[PDB]
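A.B. asks:
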Amino acid sequence: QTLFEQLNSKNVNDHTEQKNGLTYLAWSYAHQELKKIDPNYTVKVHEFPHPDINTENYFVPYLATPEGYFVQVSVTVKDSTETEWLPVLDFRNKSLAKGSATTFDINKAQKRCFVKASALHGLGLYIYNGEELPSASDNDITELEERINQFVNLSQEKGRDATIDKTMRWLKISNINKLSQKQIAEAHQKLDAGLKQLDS
Amino acid sequence: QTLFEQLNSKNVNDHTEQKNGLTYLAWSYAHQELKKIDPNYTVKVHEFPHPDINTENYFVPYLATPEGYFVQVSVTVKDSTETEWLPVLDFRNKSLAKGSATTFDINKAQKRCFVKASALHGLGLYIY
Amino acid sequence: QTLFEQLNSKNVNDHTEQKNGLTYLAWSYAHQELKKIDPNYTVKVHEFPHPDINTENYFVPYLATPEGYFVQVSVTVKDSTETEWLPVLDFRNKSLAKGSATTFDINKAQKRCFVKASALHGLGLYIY
Amino acid sequence: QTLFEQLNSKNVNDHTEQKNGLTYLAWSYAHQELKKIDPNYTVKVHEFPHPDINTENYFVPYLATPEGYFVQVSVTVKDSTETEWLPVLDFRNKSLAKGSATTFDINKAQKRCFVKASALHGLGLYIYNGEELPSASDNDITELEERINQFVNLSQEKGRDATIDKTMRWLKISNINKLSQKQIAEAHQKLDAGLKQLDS
Amino acid sequence: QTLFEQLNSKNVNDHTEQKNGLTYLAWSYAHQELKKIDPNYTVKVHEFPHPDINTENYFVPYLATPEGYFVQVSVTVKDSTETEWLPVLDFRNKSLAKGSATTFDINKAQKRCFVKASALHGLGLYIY
């Protein structure tokens, strides 16, 4: 057959850890599988001149930016080669600003970028299927906007006048972005009662 | 036939996520199709000297500007090659001014620019 | 016939969006048609040294000026090649002064300049 | 067969030390096993120009960064070669900031990175079993977050307003991230008192 | 057989000192054993430009760092060659900060790194 199909058709579900509600496959499992497929394969962690230090011949193994921190890993399995970028994140999967990261945070990110680079080849690609690309955790923020506009538009459709800002005041929400899933679910409850009852 | 028509005539609707009311195909589906069609294909994320740092030999993987942030991805499927530009945004379609972005936002934008670059080839163009 | 006539005699009316009272053809449609007429065609977004930063080897993908912002796109369909300039504009079609633009504004302008560059070839010229 | 399978199929469990609840195989054992497999093999510790000093021809054996400290070890067993990144950590497995490390910390890190580099080859591959992905200490500290949120929510369910920062003020913890394990137990005692009697 | 197995299968327990509850084999014994195995071997103590002094052509025999002090020893027994890193420690096995070490501390560290470098070869690995 081919490397991607062979590697893609494997179950890496047994060797996974559920931390923060995400699925992670161990690097050691990944190291073994590839080693079996190819006895001689290369893993290279890119090194980039660190900005603040700016010392000649000095190349730390990770990007350092005011915006944050980046890592890069290039896995060459057989002839095929490929690379992956990753964001350094807290144990709560939150970003780390310049000067708040620890070496331990960088090594964990380096190991995670390795399995992600392996995921490019068929092995365990389904581990990142539909979770890595989009914002899986929250999709009601916009839904809330549609439902407040439905309220406003229905209110105008009925009579008098209706405005989104006064509707937001019902929810008493300072910022739509700054709204907890728990509060937004409570918000839906407020709106559905105003709109659904007059619909049903 | 041809690569565009073959790739264009596929249904990527099943593997889509509705976030902010927009339809997105997961990079995993795009990556697997590119591998099947072509076993050896290249994805390259362009690196540009970051402005503020201005350190010699210092190349971050994304554009940093007072106006905002840009990413670039070049996908070479078979002989054909192509590139896509993307802004770095919030989870919602909102811009990130200079100094308000996180490394995670840049990563998500990089992955999204990949599927968009794949969308240039026939696969899932109707979504994008 | 001729490439301009072959592309000029098409109806892109169905794939259009009426925003602000103007008619726009989506890039998805424009990009696919260029592939349909030519499997291998090139789209290049010009990069110009950003003024304020003035960092060596630093090239942003759009012009930055005190007067405002400019983008450029060069579409090579078959042998024919051509380029289009456009001003980056707000969602109300108003100008953006230096330091008031967001990366998202630039990417939207880049996509719009693409279809306008395609409009130079026969496809959808009547709209633009 | 092949080097990875032969090396992978070994029991290094007997020669291990349980410190901090993690499993480590001693370098002495790793040095002999490889030596048997290959009489002539090379271990190289990379040297990088130290930033602050910035003296010409001055190369320390470890990375020094404001973010922290990094070490690198390249083990060439037979034809195969490979490299490992390890973050210098306290005896409590915590990060060390720039200017808080001691040469002893670096040498211990260097030895540990060696066995991890050996682990890339089949020997010692399973001992970690992705030991990096589960910290095994953050989850305990994370439970405190679940229990303070339980106290905030159940308080808000009682109808008495509670905020996480004021609930944290009960524990008087400056950084919920860094708290001694005895203090986590002491904090749990505070929370479980005010929370369990309602739960019951 | 082979050098590691021959050297590994020896009892260096008799020539050891119990200081601080640790076991150390004296260098004198290590120098003789290797000399017997190989009449012509080499011991090299690496020299690194000392930071603070920063005098041209000035090379001290040990690393000096704000974090602390490092030594290096490379033992070439027969064809085989190898190197060891030892951190300078107090008589209580505690670290010495920059400016608190004495030349005596460095020489003791250098001798100890030698036996550890010898320990890489089969001789007395069980102790180290």
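Protein chains in written order, with my numbering: chain V, 41 to 240; chain P, 8 to 135; chain R, 8 to 135; chain G, 41 to 240; chain L, 8 to 135. For every residue, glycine included, the Cβ atom is placed at its ideal position computed from N, Cα and C.
Would you give the residue range spanned by the alpha helix (DSSP H) that G/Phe-110 belongs to?
C.D. replies: First-last for G/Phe-110: 109-117, but that is the beta strand (DSSP E), not the alpha helix (DSSP H).
A.B. asks: So who's on the other strand from V/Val-128, going by DSSP bridges?
C.D. replies: Answer is none; V/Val-128 lacks a bridge partner.
A.B. asks: Please list, in chain order, all residues of the same chain as R/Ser-102 whose beta carbon is under 6 Å from its beta carbon, the five residues on each side excluded.
C.D. replies: Around R/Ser-102: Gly-75.
A.B. asks: Within the continuous alpha helix (DSSP H) that includes R/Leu-103, where are the two ends?
C.D. replies: First-last for R/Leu-103: undefined, no H or E at that position.
A.B. asks: When you compare the region 155-172 of chain V with the region 134-154 of chain G, are there three or more beta-carbon pairs, one atom per stretch, that lie closer than 8 Å?
C.D. replies: Not touching, per the Cβ criterion.
A.B. asks: Could you check if P/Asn-27 is buried or exposed, using at least 16 other CB atoms within 10 Å of its CB as the buried criterion?
C.D. replies: Buried, since its Cβ has 16 or more Cβ neighbours within 10 Å.
A.B. asks: Which residue marks the beginning of the beta strand (DSSP E) containing L/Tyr-31, and which one marks its end?
C.D. replies: Counting along the chain, the beta strand (DSSP E) containing L/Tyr-31 begins and ends at 29-32.
A.B. asks: Would you kindly report the start and end of the unbroken alpha helix (DSSP H) that includes G/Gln-46?
C.D. replies: 43-48 is the span of the alpha helix (DSSP H), which, as asked, contains G/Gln-46.
A.B. asks: What's the call for G/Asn-48, buried or exposed, on a 16-neighbour Cβ count within 10 Å?
C.D. replies: G/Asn-48 comes out buried.
A.B. asks: Sort P/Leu-127, P/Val-84, P/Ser-35 and P/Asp-97 by Cα distance to V/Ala-159 and report the nearest one.
C.D. replies: Out of P/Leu-127, P/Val-84, P/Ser-35 and P/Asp-97, P/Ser-35 has the C-alpha closest to the C-alpha of V/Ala-159.
A.B. asks: For a cutoff of 9 Å on Cβ pairs, would you count V/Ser-140 as touching chain P?
C.D. replies: No, no contact with chain P.
A.B. asks: Assess, as a yes-or-no matter, whether the region 69-85 of chain P is touched by the region 66-83 of chain V under the definition of 3 or more beta carbon pairs within less than 8 Å.
C.D. replies: Touching, no.
A.B. asks: CA-CA distance, R/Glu-89 and P/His-22?
C.D. replies: If I take the Cα positions, the gap works out to 37 Å.
A.B. asks: On the CB-based measure, 16 or more other CB atoms within 10 Å of its CB, does P/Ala-108 come out buried or exposed?
C.D. replies: Burial call: buried.
A.B. asks: Name the chain C residues that come within less than 7 Å of P/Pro-68, Cβ to Cβ?
C.D. replies: Going by chain labels, chain C is absent from the structure shown, which instead holds the protein chains V, P, R, G and L.
A.B. asks: Of the choices P/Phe-66, P/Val-84 and P/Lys-123, whose alpha-carbon is the least far from that of P/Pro-94?
C.D. replies: Of the listed residues, the one whose Cα sits closest to P/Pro-94 is P/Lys-123.
A.B. asks: Does the region 86-101 of chain V come within contact of the region 55-64 of chain P, defined as at least 3 CB pairs closer than 8 Å?
C.D. replies: Touching, yes, given that three or more Cβ pairs across the two stretches are closer than 8 Å.
A.B. asks: If you draw a straight line from the C-alpha of V/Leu-235 to the C-alpha of V/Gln-190, how long is it?
C.D. replies: If I take the Cα positions, the gap works out to 8 Å.
A.B. asks: Just list the residues that DSSP pairs G/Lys-59 with in beta bridges.
C.D. replies: Paired residue(s): G/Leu-62.
A.B. asks: Whose C-alpha, out of V/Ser-175, V/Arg-200, V/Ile-216 and V/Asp-201, is nearest the C-alpha of V/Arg-187?
C.D. replies: If we check each option's Cα against that of V/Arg-187, V/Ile-216 comes out closest.
A.B. asks: Would you say R/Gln-39 faces chain P, with C-beta separation under 9 Å as the test?
C.D. replies: Cβ-Cβ to chain P under 9 Å: yes for R/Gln-39.
A.B. asks: Listed in chain order, which residues of the region 120-136 of chain V have Cβ atoms closer than 9 Å to some Cβ of chain P?
C.D. replies: From the region 120-136 of chain V, only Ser-120, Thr-121, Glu-122, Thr-123, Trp-125, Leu-126, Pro-127, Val-128, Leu-129, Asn-133, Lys-134, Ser-135 and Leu-136 have a Cβ closer than 9 Å to chain P.
A.B. asks: Output needed in chain order: residues of the region 146-178 of chain G with a Cβ under 9 Å from some Cβ in chain L.
C.D. replies: Within the region 146-178 of chain G, the qualifying residues are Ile-146, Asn-147, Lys-148, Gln-150 and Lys-151.
A.B. asks: Within the same chain, show all residues whose beta-carbon is closer than 7 Å to that of L/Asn-100, passing over the 5 residues directly before and after it, in chain order.
C.D. replies: Excluding residues within five positions, the ones whose Cβ falls inside 7 Å are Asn-27.
A.B. asks: Reducing DSSP to helix, strand and coil, say where V/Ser-120 ends up.
C.D. replies: Residue state, collapsed to three classes: strand.
A.B. asks: Could you tell me which residues DSSP pairs with L/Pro-56 in its beta bridges?
C.D. replies: L/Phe-66, per the DSSP bridge assignment.
A.B. asks: Are the CB atoms of L/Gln-39 and G/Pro-101 within a distance shorter than 9 Å?
C.D. replies: No; because the gap between Cβ atoms is not below 9 Å, this pair is not in contact.
A.B. asks: Taking the alpha helix (DSSP H) that P/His-128 belongs to, which residues open and close that run?
C.D. replies: Run containing P/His-128: none; DSSP gives neither H nor E here.
A.B. asks: Apart from the five residues just before and just after G/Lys-230, which ones in its own chain have a Cβ nearer than 7 Å to its Cβ?
C.D. replies: Around G/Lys-230: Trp-210 and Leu-211.
A.B. asks: Name, going along the chain, the residues of the region 185-199 of chain G whose beta-carbon falls closer than 9 Å to a beta-carbon of chain V.
C.D. replies: Those would be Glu-185 and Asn-193, in chain order.
A.B. asks: Look at the alpha carbon of V/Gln-223 and the alpha carbon of R/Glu-24, and state the distance between them as a whole number of angstroms.
C.D. replies: Those two C-alpha atoms are separated by around 36 Å.
A.B. asks: Quickly, what does DSSP pair R/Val-50 with across the bridge? List them, please.
C.D. replies: Answer is R/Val-82, bridged to R/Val-50.
A.B. asks: Since V/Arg-187 is in the alpha helix (DSSP H), which residue starts that stretch and which ends it?
C.D. replies: Segment 180-198, the alpha helix (DSSP H) holding V/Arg-187.
A.B. asks: Kindly indicate which three-state DSSP category G/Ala-141 falls into: helix, strand or coil?
C.D. replies: Coil, per DSSP.
A.B. asks: Taking just the CA atoms, how far does V/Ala-227 sit from V/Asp-180?
C.D. replies: If I take the Cα positions, the gap works out to 10 Å.
A.B. asks: May I ask which residues mark the beginning and end of the alpha helix (DSSP H) holding V/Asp-205?
C.D. replies: Note, V/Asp-205: alpha helix (DSSP H), 204-211.
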